[PDB]
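The chain that follows stands alone, in the form described as "open state" in its entry title, written as structure tokens.
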């Protein structure tokens, strides 16, 4: 009669109005047919070589693209009319100021959580025409870093480039994955992967999750910075091809949506299990000092024991209790709110290992080109 409105109601969205179409059955109407044609015409190797040259937001598209793709890209690179440059700048500055926390949350928190999102785990696991498993999951764990880049939407930055290339990658995947019998057979009846709804689930595992955890830890998030961070994520969802009718307009909307669309779908899968082990291995192999028990303990603290158990993160009760008691003290100290706290030495070691992890994930994604898959 008049209590919970549908989570996909356009009423709580950036568009604010619209017809009301279930995003489970919406993909990318503009990109999908273009990428299907590019792949079917055998144009992927040439297109990748042309697009390798397109690296900065203010750059003209390389000459020589197929006309349909050129037209798509010229449209896709446009910022929405509701993008606010000042807020975008503020959100980028906030992300940098709080970089150890955001970077740790994206890399460990959202990256490990992704192995409990069955559709994302299955798509990544079964995708064939890009790079190897190890490279793929490392790139999955780095989602958030490009969006949160300090220069993301400036003329010399690259997030428009990254967003447009990602939109094209996803569109290619939608043409490719249904041709994989292992993907089709495990898809639970979804005919085409990476629906709008699926993108928004993943978005909640990033934006909404990171904000929640920063606030819980006592990071100083004033209202204006919270709003600017949301704005970065809203504009980025649009540039990835999410219709404005599905992007939450406010934190209240986003927080309520995450509870309904992300929390209930988290599940262990065989594919996700494989990916968790690969990611845990990748992180432990970095020159960061993140040992398996530190990763486990900090990730369980970050995700909670229910999700940690679902993923299979081994129990570290001594370190988890040390972290729960003292990590908020380290945060308060770094926020300038308390004098230097007497905490166990391993807290400072953990903090340094997280800082080196974040720097390594900043270093690695610098300059890597996003290629369209084929085959």
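For the two forms, the rigid core is made up of the largest set of C-alpha atoms that agree within 1.5 Å on superposition. Residue numbers count along the first chain shown, from 1.
There is another form of this protein, the form described as "closed state" in its entry title, and it is not shown here; the text below is about that form.
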After aligning the rigid core, which of 262, 143, 280, 172 is the one whose Cα travels 2 Å or more between the shown form and the other one? 143
Could you check, with the core superposed, whether the Cα atom of residue 352 shifts 2 Å or more between the shown form and the other one? no
How about residue 15 - superposed on the rigid core, does its CA move between the shown form and the other one by 2 Å or more? no
Closer or farther in the other form: C-alpha pair residue 159, residue 365 (3 angstroms or more): farther
Just say closer or farther for the C-alpha distance from residue 156 to residue 365 in the other form, relative to the shown form; it changes by 3 Å or more. farther
